[PDB]
file data-v3.pdb (PDB, C-alpha atoms)
ATOM      1  CA  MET A   1       0.000   0.000   0.000
ATOM      2  CA  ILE A   2       2.022   3.014  -1.347
ATOM      3  CA  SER A   3       1.758   6.634  -0.297
ATOM      4  CA  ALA A   4       0.675   8.822  -3.168
ATOM      5  CA  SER A   5       3.647  11.190  -2.617
ATOM      6  CA  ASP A   6       6.072   8.233  -2.720
ATOM      7  CA  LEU A   7       4.562   6.922  -6.002
ATOM      8  CA  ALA A   8       4.682  10.392  -7.485
ATOM      9  CA  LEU A   9       8.373  10.722  -6.541
ATOM     10  CA  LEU A  10       9.328   7.296  -8.011
ATOM     11  CA  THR A  11       7.408   7.917 -11.190
ATOM     12  CA  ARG A  12       8.829  11.436 -11.837
ATOM     13  CA  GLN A  13      12.401  10.135 -11.219
ATOM     14  CA  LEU A  14      11.897   7.090 -13.473
ATOM     15  CA  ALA A  15      10.280   9.202 -16.198
ATOM     16  CA  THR A  16      13.188  11.620 -16.090
ATOM     17  CA  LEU A  17      15.824   8.831 -16.396
ATOM     18  CA  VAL A  18      14.014   6.833 -19.035
ATOM     19  CA  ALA A  19      13.521  10.022 -21.041
ATOM     20  CA  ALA A  20      17.225  10.695 -20.740
ATOM     21  CA  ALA A  21      17.790   7.360 -22.573
ATOM     22  CA  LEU A  22      19.143   5.376 -19.606
ATOM     23  CA  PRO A  23      18.479   1.662 -20.228
ATOM     24  CA  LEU A  24      15.548   0.569 -18.164
ATOM     25  CA  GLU A  25      17.642  -1.650 -15.832
ATOM     26  CA  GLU A  26      19.923   1.321 -15.108
ATOM     27  CA  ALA A  27      17.054   3.703 -14.594
ATOM     28  CA  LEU A  28      15.371   1.380 -12.082
ATOM     29  CA  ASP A  29      18.788   1.050 -10.379
ATOM     30  CA  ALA A  30      19.181   4.805 -10.129
ATOM     31  CA  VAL A  31      15.685   5.227  -8.661
ATOM     32  CA  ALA A  32      16.377   2.423  -6.066
ATOM     33  CA  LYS A  33      19.755   3.989  -5.191
ATOM     34  CA  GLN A  34      18.304   7.481  -4.764
ATOM     35  CA  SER A  35      15.453   6.464  -2.513
ATOM     36  CA  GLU A  36      15.374   7.701   1.095
ATOM     37  CA  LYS A  37      12.849   4.989   2.105
ATOM     38  CA  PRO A  38      14.206   1.444   2.321
ATOM     39  CA  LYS A  39      10.793   0.071   1.386
ATOM     40  CA  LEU A  40      10.893   2.162  -1.840
ATOM     41  CA  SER A  41      14.465   0.975  -2.709
ATOM     42  CA  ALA A  42      13.391  -2.620  -2.230
ATOM     43  CA  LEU A  43      10.281  -2.106  -4.359
ATOM     44  CA  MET A  44      12.246  -0.642  -7.258
ATOM     45  CA  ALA A  45      14.959  -3.314  -7.061
ATOM     46  CA  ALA A  46      12.218  -6.024  -7.038
ATOM     47  CA  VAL A  47      10.616  -4.574 -10.139
ATOM     48  CA  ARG A  48      14.116  -4.446 -11.627
ATOM     49  CA  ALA A  49      14.711  -8.120 -10.785
ATOM     50  CA  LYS A  50      11.644  -9.026 -12.836
ATOM     51  CA  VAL A  51      12.725  -6.865 -15.823
ATOM     52  CA  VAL A  52      16.255  -8.352 -15.773
ATOM     53  CA  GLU A  53      14.545 -11.810 -15.334
ATOM     54  CA  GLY A  54      12.921 -11.062 -18.801
ATOM     55  CA  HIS A  55       9.466  -9.585 -17.879
ATOM     56  CA  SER A  56       8.165  -6.341 -19.320
ATOM     57  CA  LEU A  57       7.997  -3.314 -17.030
ATOM     58  CA  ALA A  58       4.206  -3.685 -16.844
ATOM     59  CA  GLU A  59       4.424  -7.329 -15.832
ATOM     60  CA  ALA A  60       7.160  -6.508 -13.380
ATOM     61  CA  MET A  61       5.159  -3.657 -11.928
ATOM     62  CA  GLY A  62       2.074  -5.908 -12.080
ATOM     63  CA  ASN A  63       3.643  -8.027  -9.367
ATOM     64  CA  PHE A  64       2.835  -5.134  -6.892
ATOM     65  CA  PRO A  65      -0.769  -3.920  -7.340
ATOM     66  CA  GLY A  66      -0.683  -2.222  -3.906
ATOM     67  CA  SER A  67       1.956   0.095  -5.424
ATOM     68  CA  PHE A  68       1.204   0.105  -9.120
ATOM     69  CA  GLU A  69      -2.556   0.091  -9.841
ATOM     70  CA  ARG A  70      -4.099  -1.579 -12.858
ATOM     71  CA  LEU A  71      -4.509   1.628 -14.850
ATOM     72  CA  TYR A  72      -0.806   2.577 -14.301
ATOM     73  CA  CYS A  73       0.472  -0.902 -15.494
ATOM     74  CA  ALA A  74      -1.773  -0.918 -18.583
ATOM     75  CA  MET A  75      -0.510   2.520 -19.393
ATOM     76  CA  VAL A  76       3.069   1.175 -19.081
ATOM     77  CA  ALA A  77       2.191  -1.917 -21.193
ATOM     78  CA  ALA A  78       0.849   0.257 -24.000
ATOM     79  CA  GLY A  79       3.869   2.520 -24.040
ATOM     80  CA  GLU A  80       6.132  -0.569 -24.189
ATOM     81  CA  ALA A  81       3.940  -2.148 -26.949
ATOM     82  CA  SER A  82       4.303   1.099 -28.955
ATOM     83  CA  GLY A  83       7.965   1.910 -28.210
ATOM     84  CA  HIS A  84       6.876   5.098 -26.453
ATOM     85  CA  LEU A  85       7.531   4.179 -22.814
ATOM     86  CA  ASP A  86       9.067   7.558 -22.115
ATOM     87  CA  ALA A  87       5.867   9.402 -23.149
ATOM     88  CA  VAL A  88       3.690   7.162 -21.077
ATOM     89  CA  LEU A  89       5.979   7.608 -17.974
ATOM     90  CA  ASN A  90       5.958  11.399 -18.433
ATOM     91  CA  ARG A  91       2.154  11.282 -18.515
ATOM     92  CA  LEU A  92       2.059   9.009 -15.482
ATOM     93  CA  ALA A  93       4.370  11.320 -13.567
ATOM     94  CA  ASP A  94       1.837  14.192 -14.039
ATOM     95  CA  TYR A  95      -1.029  11.944 -13.054
ATOM     96  CA  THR A  96       0.662  10.663  -9.951
ATOM     97  CA  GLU A  97       1.746  14.240  -8.980
ATOM     98  CA  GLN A  98      -2.002  15.216  -9.122
ATOM     99  CA  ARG A  99      -2.915  12.479  -6.764
ATOM    100  CA  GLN A 100      -0.165  13.573  -4.384
ATOM    101  CA  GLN A 101      -1.616  17.061  -4.498
ATOM    102  CA  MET A 102      -5.189  15.983  -3.745
ATOM    103  CA  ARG A 103      -3.845  14.003  -0.704
ATOM    104  CA  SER A 104      -1.970  17.127   0.665
ATOM    105  CA  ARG A 105      -4.936  19.550   0.083
ATOM    106  CA  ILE A 106      -6.919  17.532   2.678
ATOM    107  CA  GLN A 107      -4.365  16.250   5.250
TER
ATOM    108  CA  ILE B   1       9.379  30.961 -15.013
ATOM    109  CA  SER B   2       6.774  29.769 -12.588
ATOM    110  CA  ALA B   3       7.072  28.025  -9.234
ATOM    111  CA  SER B   4       5.782  24.729 -10.652
ATOM    112  CA  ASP B   5       8.275  24.998 -13.555
ATOM    113  CA  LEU B   6      11.209  25.561 -11.204
ATOM    114  CA  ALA B   7      10.109  22.655  -9.040
ATOM    115  CA  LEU B   8       9.907  20.334 -12.083
ATOM    116  CA  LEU B   9      13.275  21.306 -13.430
ATOM    117  CA  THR B  10      15.048  21.079 -10.062
ATOM    118  CA  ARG B  11      13.581  17.642  -9.409
ATOM    119  CA  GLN B  12      14.612  16.474 -12.968
ATOM    120  CA  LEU B  13      18.047  17.956 -12.549
ATOM    121  CA  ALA B  14      18.547  16.431  -9.112
ATOM    122  CA  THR B  15      17.563  13.038 -10.408
ATOM    123  CA  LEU B  16      20.030  13.120 -13.328
ATOM    124  CA  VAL B  17      22.974  14.611 -11.427
ATOM    125  CA  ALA B  18      22.396  11.977  -8.731
ATOM    126  CA  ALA B  19      22.443   9.304 -11.384
ATOM    127  CA  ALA B  20      25.993  10.557 -12.284
ATOM    128  CA  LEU B  21      25.181  12.165 -15.601
ATOM    129  CA  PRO B  22      27.704  14.880 -16.397
ATOM    130  CA  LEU B  23      26.288  18.239 -15.626
ATOM    131  CA  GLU B  24      26.207  19.252 -19.329
ATOM    132  CA  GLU B  25      24.340  16.052 -20.304
ATOM    133  CA  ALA B  26      21.911  16.608 -17.319
ATOM    134  CA  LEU B  27      21.105  20.153 -18.410
ATOM    135  CA  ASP B  28      20.624  19.009 -22.049
ATOM    136  CA  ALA B  29      18.411  16.211 -20.933
ATOM    137  CA  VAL B  30      16.254  18.651 -18.920
ATOM    138  CA  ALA B  31      16.111  21.125 -21.842
ATOM    139  CA  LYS B  32      14.929  18.208 -24.087
ATOM    140  CA  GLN B  33      12.211  17.048 -21.746
ATOM    141  CA  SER B  34      10.573  20.468 -21.341
ATOM    142  CA  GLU B  35       7.142  21.132 -22.961
ATOM    143  CA  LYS B  36       7.721  24.879 -22.602
ATOM    144  CA  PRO B  37      10.182  26.464 -24.990
ATOM    145  CA  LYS B  38      10.845  29.119 -22.269
ATOM    146  CA  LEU B  39      11.882  26.359 -19.780
ATOM    147  CA  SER B  40      14.058  24.652 -22.462
ATOM    148  CA  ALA B  41      15.667  27.922 -23.473
ATOM    149  CA  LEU B  42      16.503  28.851 -19.845
ATOM    150  CA  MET B  43      18.110  25.425 -19.381
ATOM    151  CA  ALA B  44      19.958  25.620 -22.685
ATOM    152  CA  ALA B  45      21.208  29.115 -21.601
ATOM    153  CA  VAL B  46      22.391  27.822 -18.209
ATOM    154  CA  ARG B  47      24.119  24.960 -20.075
ATOM    155  CA  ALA B  48      25.773  27.494 -22.450
ATOM    156  CA  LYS B  49      27.442  29.264 -19.526
ATOM    157  CA  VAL B  50      28.463  25.942 -18.056
ATOM    158  CA  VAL B  51      30.065  24.847 -21.351
ATOM    159  CA  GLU B  52      31.830  28.259 -21.412
ATOM    160  CA  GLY B  53      33.526  27.056 -18.110
ATOM    161  CA  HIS B  54      31.348  28.828 -15.466
ATOM    162  CA  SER B  55      29.981  27.107 -12.327
ATOM    163  CA  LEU B  56      26.359  26.016 -12.291
ATOM    164  CA  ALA B  57      25.857  28.590  -9.565
ATOM    165  CA  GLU B  58      27.285  31.412 -11.686
ATOM    166  CA  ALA B  59      25.429  30.142 -14.755
ATOM    167  CA  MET B  60      22.084  30.164 -12.870
ATOM    168  CA  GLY B  61      23.107  33.447 -11.348
ATOM    169  CA  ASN B  62      22.621  35.181 -14.746
ATOM    170  CA  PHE B  63      18.908  34.496 -14.491
ATOM    171  CA  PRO B  64      17.901  36.040 -11.124
ATOM    172  CA  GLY B  65      14.348  36.146 -12.428
ATOM    173  CA  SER B  66      14.358  32.298 -12.136
ATOM    174  CA  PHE B  67      17.080  31.270  -9.718
ATOM    175  CA  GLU B  68      16.803  33.237  -6.460
ATOM    176  CA  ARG B  69      19.930  34.162  -4.530
ATOM    177  CA  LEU B  70      19.418  31.421  -1.972
ATOM    178  CA  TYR B  71      19.065  28.755  -4.693
ATOM    179  CA  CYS B  72      22.368  29.838  -6.272
ATOM    180  CA  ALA B  73      24.212  30.027  -2.955
ATOM    181  CA  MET B  74      23.065  26.494  -2.153
ATOM    182  CA  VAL B  75      24.300  25.270  -5.609
ATOM    183  CA  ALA B  76      27.606  27.221  -5.213
ATOM    184  CA  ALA B  77      28.078  25.596  -1.825
ATOM    185  CA  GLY B  78      27.347  22.074  -3.070
ATOM    186  CA  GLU B  79      29.750  22.643  -5.958
ATOM    187  CA  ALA B  80      32.401  23.751  -3.450
ATOM    188  CA  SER B  81      31.870  20.664  -1.281
ATOM    189  CA  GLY B  82      31.577  18.073  -4.048
ATOM    190  CA  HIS B  83      27.939  17.482  -3.098
ATOM    191  CA  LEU B  84      25.869  19.172  -5.837
ATOM    192  CA  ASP B  85      23.782  16.008  -5.943
ATOM    193  CA  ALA B  86      22.773  16.350  -2.263
ATOM    194  CA  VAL B  87      22.188  20.122  -2.636
ATOM    195  CA  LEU B  88      19.888  19.715  -5.652
ATOM    196  CA  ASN B  89      17.804  17.052  -3.820
ATOM    197  CA  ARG B  90      17.330  19.553  -0.968
ATOM    198  CA  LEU B  91      16.412  22.320  -3.431
ATOM    199  CA  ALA B  92      14.085  19.881  -5.158
ATOM    200  CA  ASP B  93      12.277  19.350  -1.816
ATOM    201  CA  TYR B  94      12.241  23.126  -1.162
ATOM    202  CA  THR B  95      10.860  24.037  -4.602
ATOM    203  CA  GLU B  96       8.199  21.265  -4.329
ATOM    204  CA  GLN B  97       7.099  22.567  -0.906
ATOM    205  CA  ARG B  98       6.747  26.053  -2.354
ATOM    206  CA  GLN B  99       4.902  24.851  -5.423
ATOM    207  CA  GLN B 100       2.342  22.889  -3.417
ATOM    208  CA  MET B 101       1.599  26.034  -1.302
ATOM    209  CA  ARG B 102       0.842  28.121  -4.455
ATOM    210  CA  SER B 103      -1.321  25.129  -5.399
ATOM    211  CA  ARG B 104      -3.292  25.030  -2.082
ATOM    212  CA  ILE B 105      -4.136  28.685  -2.819
ATOM    213  CA  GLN B 106      -4.562  28.274  -6.618
ATOM    214  CA  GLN B 107      -7.940  26.530  -6.020
TER
END
call {"tool": "encode", "arguments": {"input": "data-v3.pdb", "output": "structure tokens"}}
result
Amino acid sequence: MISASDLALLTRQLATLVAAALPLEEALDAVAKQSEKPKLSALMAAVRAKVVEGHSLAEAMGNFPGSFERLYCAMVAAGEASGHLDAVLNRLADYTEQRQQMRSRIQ
Amino acid sequence: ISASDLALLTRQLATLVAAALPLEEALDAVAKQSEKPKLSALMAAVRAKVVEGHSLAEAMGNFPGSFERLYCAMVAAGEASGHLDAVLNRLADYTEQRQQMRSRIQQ
């Protein structure tokens, strides 16, 4: 069960690195290394294990539906299917940053 | 540039510098990923000064309409200490905090 601010941080970082043409495995590594929360490092490294293991990012992410909801994984799947993963992650970073904002407006 | 623009660019820049991209590749990458030609141009201009041999802090310093004195002094200091990566992460938190205040008010 992931905090909306923590998902928004991971997704912005990942979108930035993937857009900068880091290989996916390296991008997931950089997001795991840069995390302040051990639980977030582990999560990103676990997703990376699956991608290195041969799974797509969506399938990898799909292993953690408490972190990565169905809509988010299907968005990733489609970007991978089209060769536009970087566009889809940039879109998801905006989306996730809106949910973080809604959660701070109340609490 | 706006508060939300500065927040985005600082977060992007922190993420890339932390991933060990050379500063000139990090600035390029952030200029490429911007949807606003004014954001891209600013970042290209900062990069120009940095390729001309200036510090990031001096480079940013030429645009006091975007990079406040405190922002620059933090960058200068991180450059001095060999910890620009840590300084940009802190500025990325600061600029996000600021942005989400102007957002609580914005609606």
call {"tool": "closest_atom_pairs", "arguments": {"input": "data-v3.pdb", "of": "chain A", "to": "chain B", "cutoff": "7 Å", "atoms": "only C-alpha atoms", "output": "JSON lines"}}
result
{"residue": "A:13", "atom": "CA", "partner": "B:15", "partner_atom": "CA", "distance": 6.0}
{"residue": "A:16", "atom": "CA", "partner": "B:12", "partner_atom": "CA", "distance": 5.9}
{"residue": "A:17", "atom": "CA", "partner": "B:16", "partner_atom": "CA", "distance": 6.7}
{"residue": "A:20", "atom": "CA", "partner": "B:29", "partner_atom": "CA", "distance": 5.6}
{"residue": "A:30", "atom": "CA", "partner": "B:19", "partner_atom": "CA", "distance": 5.7}
{"residue": "A:105", "atom": "CA", "partner": "B:104", "partner_atom": "CA", "distance": 6.1}
call {"tool": "resolve_selection", "arguments": {"input": "data-v3.pdb", "expression": "the PyMOL selection byres ((chain B and resi 49) around 12)", "output": "ChimeraX atom specification"}}
result
/B:23-24,27,42-48,50-63
call {"tool": "atom_distance", "arguments": {"input": "data-v3.pdb", "atom1": "atom CA of residue 98 of chain A", "atom2": "atom CA of residue 6 of chain A"}}
result
12.4 Å
call {"tool": "resolve_selection", "arguments": {"input": "data-v3.pdb", "expression": "the PyMOL selection byres ((chain A and resi 24) around 10)", "output": "ChimeraX atom specification"}}
result
/A:14,17-18,21-23,25-30,48,51-52,57,85
call {"tool": "residues_near_point", "arguments": {"input": "data-v3.pdb", "point": "(-2.4, 15.5, 0.1)", "cutoff": "10 Å", "atoms": "only C-alpha atoms", "output": "PyMOL selection string"}}
result
(chain A and resi 3-5+98-107) or (chain B and resi 100+104)
call {"tool": "write_last_selection", "arguments": {"input": "data-v3.pdb", "atoms": "C-alpha atoms", "output": "short mmCIF file (atom, residue, chain, number, x, y, z; two decimals), in the coordinates of the input"}}
result
data_model
loop_
_atom_site.label_atom_id
_atom_site.label_comp_id
_atom_site.auth_asym_id
_atom_site.auth_seq_id
_atom_site.Cartn_x
_atom_site.Cartn_y
_atom_site.Cartn_z
CA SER A 3 1.76 6.63 -0.30
CA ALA A 4 0.68 8.82 -3.17
CA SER A 5 3.65 11.19 -2.62
CA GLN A 98 -2.00 15.22 -9.12
CA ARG A 99 -2.92 12.48 -6.76
CA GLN A 100 -0.16 13.57 -4.38
CA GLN A 101 -1.62 17.06 -4.50
CA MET A 102 -5.19 15.98 -3.74
CA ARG A 103 -3.84 14.00 -0.70
CA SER A 104 -1.97 17.13 0.66
CA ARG A 105 -4.94 19.55 0.08
CA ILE A 106 -6.92 17.53 2.68
CA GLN A 107 -4.36 16.25 5.25
CA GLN B 100 2.34 22.89 -3.42
CA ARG B 104 -3.29 25.03 -2.08
#
call {"tool": "residues_around", "arguments": {"input": "data-v3.pdb", "residues": "segment 66-77 of chain A", "least_positions_apart": "2", "cutoff": "8 Å", "atoms": "all atoms listed in the file", "output": "ChimeraX atom specification"}}
result
/A:1-2,7,56-59,61-62,64,79-81,85,88-89,92
call {"tool": "resolve_selection", "arguments": {"input": "data-v3.pdb", "expression": "the PyMOL selection byres ((chain B and resi 77-79) around 12)", "output": "list in words"}}
result
residues 17, 23, 54, 55, 56, 57, 58, 70, 71, 72, 73, 74, 75, 76, 80, 81, 82, 83, 84, 85, 86, 87, 88, 89, 90 and 91 of chain B
call {"tool": "closest_residue", "arguments": {"input": "data-v3.pdb", "among": "A:87, A:15, A:8, A:42", "to": "residue 96 of chain B", "atoms": "all atoms listed in the file"}}
result
A:8
call {"tool": "atom_distance", "arguments": {"input": "data-v3.pdb", "atom1": "atom CA of residue 95 of chain B", "atom2": "atom CA of residue 38 of chain B"}}
result
18.4 Å
call {"tool": "atom_distance", "arguments": {"input": "data-v3.pdb", "atom1": "atom CA of residue 37 of chain B", "atom2": "atom CA of residue 7 of chain B"}}
result
16.4 Å
call {"tool": "residues_around", "arguments": {"input": "data-v3.pdb", "residues": "residue 32 of chain A", "least_positions_apart": "5", "cutoff": "9 Å", "atoms": "only C-alpha atoms", "output": "PyMOL selection string"}}
result
chain A and resi 10+27+38+40-45
call {"tool": "decode", "arguments": {"input": "data-v3.pdb", "residues": "segment 12-91 of chain A", "atoms": "C-alpha atoms", "output": "compact mmCIF listing (two decimals), in the first residue's frame"}}
result
# COMPACT_ATOMS: atom_id res chain seq x y z
CA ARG A 12 8.83 11.44 -11.84
CA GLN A 13 12.40 10.14 -11.22
CA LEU A 14 11.90 7.09 -13.47
CA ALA A 15 10.28 9.20 -16.20
CA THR A 16 13.19 11.62 -16.09
CA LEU A 17 15.82 8.83 -16.40
CA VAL A 18 14.01 6.83 -19.04
CA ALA A 19 13.52 10.02 -21.04
CA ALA A 20 17.22 10.70 -20.74
CA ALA A 21 17.79 7.36 -22.57
CA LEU A 22 19.14 5.38 -19.61
CA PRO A 23 18.48 1.66 -20.23
CA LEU A 24 15.55 0.57 -18.16
CA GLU A 25 17.64 -1.65 -15.83
CA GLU A 26 19.92 1.32 -15.11
CA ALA A 27 17.05 3.70 -14.59
CA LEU A 28 15.37 1.38 -12.08
CA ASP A 29 18.79 1.05 -10.38
CA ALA A 30 19.18 4.80 -10.13
CA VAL A 31 15.69 5.23 -8.66
CA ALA A 32 16.38 2.42 -6.07
CA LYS A 33 19.76 3.99 -5.19
CA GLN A 34 18.30 7.48 -4.76
CA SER A 35 15.45 6.46 -2.51
CA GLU A 36 15.37 7.70 1.09
CA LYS A 37 12.85 4.99 2.11
CA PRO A 38 14.21 1.44 2.32
CA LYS A 39 10.79 0.07 1.39
CA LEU A 40 10.89 2.16 -1.84
CA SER A 41 14.46 0.97 -2.71
CA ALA A 42 13.39 -2.62 -2.23
CA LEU A 43 10.28 -2.11 -4.36
CA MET A 44 12.25 -0.64 -7.26
CA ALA A 45 14.96 -3.31 -7.06
CA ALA A 46 12.22 -6.02 -7.04
CA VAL A 47 10.62 -4.57 -10.14
CA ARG A 48 14.12 -4.45 -11.63
CA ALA A 49 14.71 -8.12 -10.78
CA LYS A 50 11.64 -9.03 -12.84
CA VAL A 51 12.72 -6.86 -15.82
CA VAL A 52 16.25 -8.35 -15.77
CA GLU A 53 14.54 -11.81 -15.33
CA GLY A 54 12.92 -11.06 -18.80
CA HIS A 55 9.47 -9.59 -17.88
CA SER A 56 8.16 -6.34 -19.32
CA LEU A 57 8.00 -3.31 -17.03
CA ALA A 58 4.21 -3.69 -16.84
CA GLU A 59 4.42 -7.33 -15.83
CA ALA A 60 7.16 -6.51 -13.38
CA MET A 61 5.16 -3.66 -11.93
CA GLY A 62 2.07 -5.91 -12.08
CA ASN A 63 3.64 -8.03 -9.37
CA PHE A 64 2.84 -5.13 -6.89
CA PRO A 65 -0.77 -3.92 -7.34
CA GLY A 66 -0.68 -2.22 -3.91
CA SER A 67 1.96 0.09 -5.42
CA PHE A 68 1.20 0.11 -9.12
CA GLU A 69 -2.56 0.09 -9.84
CA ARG A 70 -4.10 -1.58 -12.86
CA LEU A 71 -4.51 1.63 -14.85
CA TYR A 72 -0.81 2.58 -14.30
CA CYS A 73 0.47 -0.90 -15.49
CA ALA A 74 -1.77 -0.92 -18.58
CA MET A 75 -0.51 2.52 -19.39
CA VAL A 76 3.07 1.18 -19.08
CA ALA A 77 2.19 -1.92 -21.19
CA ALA A 78 0.85 0.26 -24.00
CA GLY A 79 3.87 2.52 -24.04
CA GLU A 80 6.13 -0.57 -24.19
CA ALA A 81 3.94 -2.15 -26.95
CA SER A 82 4.30 1.10 -28.96
CA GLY A 83 7.97 1.91 -28.21
CA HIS A 84 6.88 5.10 -26.45
CA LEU A 85 7.53 4.18 -22.81
CA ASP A 86 9.07 7.56 -22.11
CA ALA A 87 5.87 9.40 -23.15
CA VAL A 88 3.69 7.16 -21.08
CA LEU A 89 5.98 7.61 -17.97
CA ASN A 90 5.96 11.40 -18.43
CA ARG A 91 2.15 11.28 -18.51
